[PDB]
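Each chain, written out:
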There are 2 protein chains.
Amino acid sequence: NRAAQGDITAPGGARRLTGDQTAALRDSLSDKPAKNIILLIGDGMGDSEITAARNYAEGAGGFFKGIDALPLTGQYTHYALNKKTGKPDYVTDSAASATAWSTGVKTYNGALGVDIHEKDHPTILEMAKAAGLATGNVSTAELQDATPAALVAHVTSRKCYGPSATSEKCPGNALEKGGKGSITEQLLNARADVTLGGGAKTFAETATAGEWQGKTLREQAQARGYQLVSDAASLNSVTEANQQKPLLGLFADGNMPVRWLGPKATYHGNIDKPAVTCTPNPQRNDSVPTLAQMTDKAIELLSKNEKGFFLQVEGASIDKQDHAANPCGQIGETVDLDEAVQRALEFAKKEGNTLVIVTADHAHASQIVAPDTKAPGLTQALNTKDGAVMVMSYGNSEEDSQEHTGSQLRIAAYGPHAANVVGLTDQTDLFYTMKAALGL
Amino acid sequence: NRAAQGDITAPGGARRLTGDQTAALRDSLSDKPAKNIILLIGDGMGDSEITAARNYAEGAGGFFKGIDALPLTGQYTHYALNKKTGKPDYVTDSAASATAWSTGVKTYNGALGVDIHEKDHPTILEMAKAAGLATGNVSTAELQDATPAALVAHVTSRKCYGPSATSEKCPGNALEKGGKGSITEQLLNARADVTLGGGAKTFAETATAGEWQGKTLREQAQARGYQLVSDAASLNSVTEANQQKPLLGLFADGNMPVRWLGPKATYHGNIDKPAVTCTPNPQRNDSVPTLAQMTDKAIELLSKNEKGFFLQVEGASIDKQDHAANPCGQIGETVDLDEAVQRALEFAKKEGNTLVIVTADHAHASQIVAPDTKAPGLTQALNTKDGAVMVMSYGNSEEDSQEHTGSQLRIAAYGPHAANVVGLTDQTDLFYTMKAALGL
Ligand SMILES: [Mg+2]
Ligand SMILES: [Mg+2]
Ligand SMILES: [Zn+2]
Ligand SMILES: [Zn+2]
Ligand SMILES: [Zn+2]
Ligand SMILES: [Zn+2]
């Protein structure tokens, strides 16, 4: 572990290390092939987000048993491009960044699986499937959202959820104009073995052309042999997932509900309002699977393939709650991701040939500031595990969405080929790292 | 080399890695002793600050030949303590943080070289000297400032620069009350072989007790055998520095001048004012030594000791210009630190037994944001090396000083014992890493 080893007020009591690390780090370095990869993404989970959640949930000297437990660490860059000039755009969205690690090419904000010239490039998930590996795509967001969509769809705008938006916003991609289709249509073609998340709403739309013209996208999925599930009990009862019977779990109309409840941050909230304690969200029913439960099921089903598997797992609402200036929502989604990381690491340590990677798509707004801060944006005081107040600040937007930031951020890894995240890297190096680890 | 491969618009063109890193990382791991340590601190140089400076000076896909070139990387925590309760204080100042890496014990904001019970703890510099090693203390700040002062002074408040302030603010430390004296008086007693920086102003004060009562602190230094220098020519002439003839360089009245000028960020500055291009500060001339020049001279003089040396080098005004909401000042001080890191790494690679560490004391205010941002704080657009606009935001204070933030941040190392910075560590682990590397 890397918790403080004793009394933080005494000499050495805040140390996270118990002895020299050179031998242990040598033991962590393997260049043998990866059989499997599990990539876990905390959307908007910069170093600031990791630290705030640790401080609140584990205490300043505590330790995330998942997120903090991966031994090989570095910092990576995630800048996008300006579509017209090809020059860097220093603050990416989720679409350009997910395109970078899934294809190895930089692109413009809002693009999925295409470059600045609108040309398609293959994804790591498509490549894994072509090599005979099992494939998984898990998220707490609607499945059409940028982070899961980038693995399975090639469209010129992330807004192209279904046929209706695609005809308006991506006419080159629209099925009735000869394109590959909307995000949801391309997801159904991609046919991952396991796809789990939200986003049932768009499946009520009808196709405009092709074999399933006039049928809903839900009807199409059923006709094409998918197993559709909608709650925890139906998910748990699934005993196989493969190309004959692929699994599609749709657990909410839009995004899945967050784990923790608290109030929104406000102007001078740390001064004028009481300190807050986060609580379990009553508007999340127990019939909704957790991220860790979805991860466990995916691992169980995918690991039956003896050649190997690729799995991406996204803690999507770290970012979404950071936009909403809601510390409890944001921290609870970080704690939720840590639970899923623990399931991945436990599997990987037993199996011995699995590369596990934990990172974020970009940095975000939240900052940890002094308790008496008088700031111009939105603030809130929180009562942490240590029995002390922490203040968080959201200071980069006068509009009601706090925005992404451009700082480089932590990437961490465990298992074969994990050395390739150490030092300064780029988000596009992660594509090449995964490709080489699996020998694709 | 970790610059982008080539055409960032093309597949693989933004990669920083040319191949697998496993073998090279194995070669980077040594548990042999360190003969020497060079610790470089960018005050306030969080991941955001590194990224902003790289984007501006080197381009998004560029590479700092010093800062980015250390192979072994992690993230460390720098929380302080509440003096009364002993619980964490999530946002440190410069005094508590410098006390943590130099002594191995956490303390309260504003403390130098003492714990929450006001007990003195020996510093890494005092320990190195006691073991017969040479010692250096270099900064672009006034030498009484917290970062250099923590190595050589034990006081209950960082405000205790000289006799006057100490009598008022630290009566227990005042020389005339039976204490050990002001920061400047304790620095003169500590007698490092090499001390270089600003802060001549306080040396005009006169002592209130002791052997040198009624003499200025400059006169005291002269009487105690110090070699006093004041400019680049007088520094370069120095041929030796040791306990018989210790070196004290005082190159400015207060802080040394910054390298680059630009205007302060303003409300809606990215919207209402044109983008800024930095320009050199006319106050810089060949008579004021640069941080890299001070670093090289220190290494030359300290390396005469055949047992070894400990050297701390501080890029102090990254933090000070971040407080002032001045991107050009902040960025130019980061470029300045990169030049000094290059000198340290060049020496260490030749010598082969030198541990070099680059990190920060705490994170800071500045954020990289989208060009069209409408923020409630202070903002500015900048024209970067790429020929594109970057916007920076300072959003955490309604007062004229933008404030520290609590996020964990990058620590990087090269040489013997460098494995001990990888993964999650605490700032107090850095004390123990340095102690064990030198076999103290
Ligand atoms: Mg996302
Ligand atoms: Mg300082
Ligand atoms: Zn995102
Ligand atoms: Zn976002
Ligand atoms: Zn500082
Ligand atoms: Zn400061």
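Residues numbered from 1 in each chain as written, not as in the entry; some residues may be left out. Chains lettered and ligands numbered in written order. Heavy atoms only, no water.

1. Brief notes about the sheet that holds strand β13 (residues 367-369) of chain B
Paired through backbone hydrogen bonds, the strands of a sheet run either parallel or antiparallel to each other. Residue and element names in this part refer to chain B. Put simply, the rule reads: A pair of strands is considered paired only if DSSP assigns at least 2 bridges between the two. Secondary structure elements follow DSSP: runs of H or I no shorter than four residues count as helices, runs of E no shorter than two count as strands, and numbering proceeds from the N terminus. Every axis in this analysis is a line fitted to C-alpha atoms, fitted for helices over the stretch in contact. Angles between the N-to-C directions lie between 0 and 180 degrees. We call two residues contacting when some pair of their heavy atoms lies within 4.5 Å.
As summarised here, the arrangement of the 3 strands in space is β13-β15-β14, forming an open sheet in which the pairing is antiparallel. Edge positions in the sheet fall to β13 and β14 (378-383), since each has one partner strand and no second. In this sheet, neighbouring strand axes are inclined to one another by 35° on average, regardless of whether the strands run parallel or antiparallel. Lying on the sheet, helix α2 (residues 47-57) is in contact with β13, β14 and β15 (389-394); it crosses β13 at an angle near 50°.

2. A short note on the coordination of the zinc ion (ligand 3)
Residues and elements named next belong to chain A. Inclusion rule: Note on donors: an N, O or S atom is included if it sits within 2.8 Å of the metal, or within 3.2 Å for Na, K and Ca, and water is never included, so sites can look incomplete. In this scheme the shape depends on donor count and angles: four donors with every angle between 85 and 135 degrees give tetrahedral, four or six donors with opposite pairs above 155 degrees and others between 65 and 115 give square planar or octahedral in turn, and any other case is irregular.
Here the zinc ion (ligand 3) is held by the protein donor atoms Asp43 (OD), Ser94 (OG), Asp361 (OD) and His362 (NE2), which lie 1.9 to 2.1 Å from it. In this structure, the zinc ion (ligand 3) is coordinated by 4 donor atoms arranged in tetrahedral fashion, with angles at the metal of 89 to 127°. Here the donor residues of the zinc ion (ligand 3) share one chain and are spaced in sequence as D-x50-S-x266-D-H.

3. What about the relation of the copies chain B and chain A?
Inclusion rule: The fitting set for superposing the copies is their C-alpha atoms, and the method is least squares.
Rotating chain B by 180° and moving it 0.0 Å along the rotation axis overlays it on chain A with an RMSD of 0.4 Å. Such values leave the two copies arranged in the relation of a two-fold axis. Within chain B, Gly395(B) has its C-alpha nearest the rotation axis, a separation of 2.1 Å.

4. Some thoughts on the UniProt feature "binding site: Zn(2+) 1" in chain A
Counted only if it meets this: UniProt positions are given in the numbering used here, feature names are shortened, and annotations may be inferred rather than shown by experiment. Buried residues are those whose accessible area, probed at 1.4 Å on protein chains only, stays under 20% of the maximum for their type, while exposed residues exceed 50% and partly exposed ones sit between those limits. Any pair of N or O atoms that falls within 3.5 Å is considered a polar contact. Within protein, one atom must be able to donate a hydrogen and the other to accept it, and sequence-neighbouring residues count only if both atoms are side-chain atoms.
UniProt records the feature "binding site: Zn(2+) 1" for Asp319(A), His323(A) and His404(A) in the present numbering. Spatial clustering of the annotated residues is evident: they stretch over 86 residues in sequence, but the largest pairwise C-alpha distance comes to 8.5 Å. Setting aside anything within four residues of it in sequence, one finds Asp319(A) in contact with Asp43(A), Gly44(A), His362(A), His364(A) and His404(A). Mapped onto the fold, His404(A) is located in the loop between β15 (389-394) and β16 (409-414). Exposure remark for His404(A): the relative accessible area of 11% places this residue in the buried category. Those residues in contact with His404(A) that sit more than four places away from it in its chain are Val91(A), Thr92(A), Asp93(A), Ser94(A), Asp319(A), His323(A), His362(A), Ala363(A), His364(A), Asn396(A), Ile368(B) and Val369(B). From its side chain, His404(A) meets the backbone oxygen of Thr92(A) in a polar contact 2.9 Å long.

5. A look at the interface of chain B and chain A
Often, the extent of an interface is quoted as the loss of accessible area upon association of its parts. We count it as follows: The term buried area denotes the loss of accessible surface (1.4 Å probe radius) that occurs when two parts are joined, taken as the sum for both partners. The working definition used for a salt bridge is a side-chain nitrogen of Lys or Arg within 4 Å of a carboxyl oxygen of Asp or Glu.
At the junction of the two partners, chain B supplies 89 residues and chain A supplies 90 residues. Each partner contributes to the roughly 7500 Å² buried at the junction of chain B and chain A, and carbon and sulfur atoms together form 54% of this total. Counting across the chain B and chain A interface gives 2 salt bridges. Between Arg26(A) and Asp31(B) there is a salt bridge, and its shortest N-O distance comes to 3.4 Å. Taken together, chain B and chain A are joined by 53 residue pairs in polar contact. Going through the elements one at a time, α1 (22-27), α2, β2 (72-77), β4 (88-89), β13, β15, β17 (423-426) and α14 (427-437) of chain B are the ones with two or more residues in the side of chain B that touches chain A. When residues in the side of chain B that touches chain A are grouped by element, the largest group, 6 residues, is from α2(B).

6. Regarding the coordination of the zinc ion (ligand 6)
All names here are of chain B. Surrounding the zinc ion (ligand 6) are the protein donor atoms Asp319 (OD), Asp319 (OD), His323 (NE2) and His404 (NE2), at 2.1 to 2.6 Å. Each of the 4 donor atoms bound to the zinc ion (ligand 6) contributes to angles spanning 55 to 152°, and the resulting shape is irregular. Ordering the donors of the zinc ion (ligand 6) by residue number gives the pattern D-x3-H-x80-H.

7. With respect to the packing of helix α3 (residues 94-103) of chain A against helix α14 (residues 427-437) of chain A
Residue and element names in this part refer to chain A. Let me state the cut-off plainly: The cut-offs work like this: below 35 degrees is roughly parallel, past 145 is roughly antiparallel, 65 to 115 is roughly perpendicular, and the gaps in between are oblique. Any residue that is not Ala, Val, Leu, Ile, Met, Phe, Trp, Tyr, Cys, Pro, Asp, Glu, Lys or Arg is counted as polar, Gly included; the first ten are nonpolar and the last four charged.
Contact geometry for α3 and α14: axes closest at 6 Å, N-to-C directions at 30°. As summarised for this structure, α3 and α14 are arranged roughly parallel, according to the angle between their axes. Only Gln427, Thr428, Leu430, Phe431 and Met434 of α14 make contact with α3, whose side of the interface consists of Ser97, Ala100, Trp101, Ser102 and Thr103. Of the residues contributing to the contact of α3 with α14, the split by class is 5 nonpolar, 5 polar and no charged.

8. Side note on the pattern of salt bridges
Think of it this way: side chains of opposite charge can pair up when their charged atoms draw near. Under the criterion given, the structure shown has 30 salt bridges over all chains. Between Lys180(A) and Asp120(A) there is a salt bridge, with its nearest N and O atoms 2.9 Å apart. You can see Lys180(A) sitting in the loop between α6 (163-169) and α7 (183-190) and its partner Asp120(A) sitting in the loop between α3 and α4 (124-130), a full 60 residues away along the chain. By relative accessible area, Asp120(A) is classed as partly exposed at 27%. The salt bridge partner of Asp145(B) is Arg158(B), with a shortest N-O separation of 3.4 Å. Residue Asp145(B) is found in the loop between β5 (134-142) and α5 (146-149), and its partner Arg158(B) is found in the loop between α5 and α6 (163-169); the two are separated by 13 residues along the sequence.

9. Examining the state of the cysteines
Residue and element names in this part refer to chain A. Which entries qualify depends on this criterion: Throughout, a disulfide means two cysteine sulfur atoms within 2.5 Å of one another.
Applying the stated criterion to the full structure yields 4 disulfides over all chains. Between the sulfur atoms of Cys160 and its disulfide mate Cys170 the distance is 2.1 Å. Measuring handedness by torsion sign, the sulfur bridge of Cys160 and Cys170 sits at about 100° and is right-handed. Taken together, the positions of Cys160 in the loop between α5 (146-149) and α6 and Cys170 in the loop between α6 and α7 put the pair 10 residues apart, joining distant regions of the chain. Taken as a pair, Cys160 and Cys170 share a single burial class, namely buried. Through a disulfide, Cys278 is tied to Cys328; the S-S separation comes to 2.2 Å. Disulfide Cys278 to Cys328: torsion about the S-S bond roughly -80°, handedness left-handed.

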